[PDB]
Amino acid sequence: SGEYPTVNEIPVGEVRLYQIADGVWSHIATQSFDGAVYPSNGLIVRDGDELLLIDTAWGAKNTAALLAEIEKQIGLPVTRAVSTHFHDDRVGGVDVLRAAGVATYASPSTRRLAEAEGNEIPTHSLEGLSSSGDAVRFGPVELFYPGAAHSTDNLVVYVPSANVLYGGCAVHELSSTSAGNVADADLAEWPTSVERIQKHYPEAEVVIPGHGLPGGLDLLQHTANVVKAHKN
């Protein structure tokens, strides 16, 4: 009934949308992994009479449910998707998208990592993002490569019309007590990468983490804090 939906409020397989700003929504889904249930976020950005999707809903059936929820709540076609790193909460569902008319994109790094680790593989490579600090425009967003953080390939997304910063899994929610799943993380580089985000997007008004509740710019500093304390 209007608050941001949390992990215990979304059964695995169902998707909810949350209006962030005019023409900007997050999507929230839940998934089981190693015997625990986790929420995850993605983004939807209105692109004229089309929609740009950022990240899958963490699995094929969740991503089919995402498409159905978008048609119910928004009713515009998803034409393009970007995955912001290679893990299953970002690319799991790319095959569903690709069979539903969606052109799927990721950096070449993400594509190579997804292929090597047996995850689903976006079709199109996003050049111009291979050095930290790089930025490119993609429809109504800017894609930014901050450097290694949660993963070496992680991208963040800015919606300039709304000053919405979608951090993906390089950014954690304020309640987080650790740096999440650090399997592929670079804990030493992560604070430097967060500093790059902070410097590049100082006018962000909403910051959305890869998992959990959106907030303001404090999510970036909180992320740096928990990552440094995790590493130590």
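Each residue number is its position in the shown sequence, starting from 1.
- The mean C-alpha temperature factor is higher for 5-13 when 205-213 and 5-13 are set side by side.
- Between 94-102 and 141-149, it is 94-102 that carries the larger average Cα temperature factor according to the deposited entry.
- Considering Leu165, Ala170, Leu53, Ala179 together, the PDB entry gives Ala179 the largest C-alpha B factor.
- As recorded in the entry, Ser175 carries the highest CA temperature factor of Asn41, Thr63, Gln31, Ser175.
- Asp89: CA B factor lies in the lowest third for its chain, per the PDB record.
- Sorting the modelled residues of the chain by their CA temperature factor places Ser26 in the lowest third.
- Sort the chain's modelled residues by C-alpha temperature factor and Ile70 lands in the middle third, per the entry.
- Ranked by C-alpha B-factor against the other modelled residues of its chain, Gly128 falls in the middle third.
- Among the modelled residues of the chain, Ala116 sits in the highest third by CA temperature factor in this PDB entry.
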